[PDB]
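Peer 1: Take this structure, written in structure tokens, and hold onto it; I'll ask about it next.
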Amino acid sequence: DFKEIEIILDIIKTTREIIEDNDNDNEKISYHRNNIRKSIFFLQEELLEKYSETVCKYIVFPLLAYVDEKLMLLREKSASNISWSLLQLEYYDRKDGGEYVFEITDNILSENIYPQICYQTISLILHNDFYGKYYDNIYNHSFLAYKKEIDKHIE
Ligand SMILES: [Au+]
Ligand SMILES: [Au+]
Ligand SMILES: [Au+]
Ligand SMILES: [Au+]
Ligand SMILES: [Au+]
Ligand SMILES: [Au+]
Ligand code: NA
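To convert a position in the sequence shown, counted from 1, into the authors' numbering, add 1.
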């Protein structure tokens with residue numbers, strides 16, 4: 002089953018709401034960042050009961066990277082001068098998640114059969130327009146391969 006996917010969907014949902022919204026001050030964004038941080042901890046808690054560290058990483062990191070990408074987009078477009086500190090820096094001291102999502106994805110596809118939740122999580126971020134290093138090239142053949150390939154792992 003999963004209380005996990007319910008948390009993941011909710012993180013995704015609330016993020017999409019933030020971008021769609023016309024006016025956010027830094028207050029609201031901040032409030033949103035902290036709610037995601039609360040959720041991540043419950044997400045990790047639920048994961049570490051059943052799964053390896055590496056598997057939690059494979060699931061949490063892409064989620065953080067999804068959120069950072071979209072908030073970084075909003076922050077750039079935004080009239081208001083809103084600020085965003087990278088979650089992927091906060092949890093993992095790296096900022097190259099535009100790439101790292103795809104190394105995780107490649108591992109998930111090449112290196113083993115991991116629990117289904119790893120495939121679902123990448124799938125979900127991709128079905129929500131996470132581009133990472135392909136932001137300029139939506140039709141990059143590797144990028145399209147990733148989409149087709151992870152989806153062939155789910156029901
Ligand atoms: Au964890
Ligand atoms: Au495979
Ligand atoms: Au989709
Ligand atoms: Au799809
Ligand atoms: Au190919
Ligand atoms: Au699979
Ligand atoms: Na730093």
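C-beta: ideal position from N, C-alpha, C; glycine also.
Is there at least one non-hydrogen atom of ligand 5 closer than 8 Å to the beta-carbon of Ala146?
Peer 2: Because some heavy atom of ligand 5 lies under 8 Å away, the Cβ of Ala146 counts as near it: yes.
Peer 1: Where does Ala66 land, buried or exposed, given buried means 16+ other C-beta within 10 angstroms?
Peer 2: Counting Cβ neighbours within 10 Å, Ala66 comes out buried, since at least 16 surround it.
Peer 1: How would you call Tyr120, buried or exposed, if buried means at least 16 neighbouring beta carbons within 10 angstroms?
Peer 2: So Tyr120 ends up on the buried side.
Peer 1: When the distance is taken between beta carbons, is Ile19 closer than 9 Å to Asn27?
Peer 2: No. Outside cutoff.
Peer 1: Residues in its own chain within less than 8 Å of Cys57 by CB, not counting five upstream and five downstream?
Peer 2: Contacts found: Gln45, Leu48 and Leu49.
Peer 1: Do the stretch 72–83 and the stretch 95–113 meet, that is, are 3 or more Cβ pairs less than 8 Å apart?
Peer 2: Taking 8 Å as the limit for Cβ pairs, the verdict is that the stretch 95–113 does not touch the stretch 72–83.
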